[PDB]
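Just one chain is shown here, as structure tokens, and it is the form deposited in one PDB entry.
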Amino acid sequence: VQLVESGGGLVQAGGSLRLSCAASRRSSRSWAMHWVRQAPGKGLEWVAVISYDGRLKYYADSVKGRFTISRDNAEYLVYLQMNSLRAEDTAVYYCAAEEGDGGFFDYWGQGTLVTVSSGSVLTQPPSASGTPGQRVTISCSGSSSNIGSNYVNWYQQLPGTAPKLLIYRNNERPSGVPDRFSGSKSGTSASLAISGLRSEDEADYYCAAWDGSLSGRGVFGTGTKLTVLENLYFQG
């Protein structure tokens, strides 16, 4: 199962660009489909969601009134129509899939880059580091409306790759995520714990929840860059 975005490229400010998200296989389950974007060198920003039947849509405040999400279930395509494009919309655009109302993105496309030419917040520590074998913790603090009212998920983004689900529903691990990774949630905060730190763990880590009067909008944490130091932690 592979999601494939297309339609990216260079576009003039004020123009309209339509992105598409296709799937390598069809599913018997019902999937809400999302768009998530990431400006070069910046964090993930949730953009929009469409319900399985197209009845319900939600948008981030930064794109409301300009972007339209739609889907063609017969052709098995999801669209993001980006109108009135601004320089600030320059980003890699991912389409992501959520089964029903689970609240976590199981599948991500590779993303498509959009360059526009002009010529509440989940707080995370910006940087974390440790030596091999050590245990590192990464906090994510929100409010009663987001973390205090929803499951918290965690996503890992290795350099030059699409984000991947790491922890869902506060503390559950997908198949293929070792028990070294563990999540917890208490009140308005959550934390990701990485024990037995390894070189492969060097990546960006994002917490994620939902917000709004009915938690209809997605929200990603500010992001934490984890560095696995090429150093010992003995005294000497």
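Take the two forms, superpose them, and find the largest set of C-alpha atoms that agree within 1.5 Å; that set is the rigid core. Start at 1 with the first residue shown and count on from there.
One more form of this protein, deposited in another entry, exists but is not displayed; see below.
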Note to self: Once the rigid core is superposed, exactly one of 42, 64, 29, 198 has its CA displaced by 2 Å or more between the shown form and the other one; which residue is that?
What the structure shows: 29
Next item on the list: Please check if residue 221 moves between the shown form and the other one, taking a CA shift of 2 Å or more relative to the superposed core as movement.
Entry: no
Notebook entry, point to check: Does the distance between the two CA positions of residue 130 reach 2 Å or more between the shown form and the other one, the core being superposed?
Noted result: no
Notebook entry, point to check: C-alpha of residue 101: shift of 2 angstroms or more between the shown form and the other one, rigid core aligned?
Noted result: yes
Next item on the list: Given a change of 3 Å or more, say if the Cα atoms of residue 103 and residue 167 sit closer or farther in that other deposited form than in this form.
Entry: closer
Margin query: residue 164 and residue 102: their C-alpha distance differs by 3 angstroms or more in that other deposited form. Do they come closer or move farther apart compared with the shown form?
Written below: closer
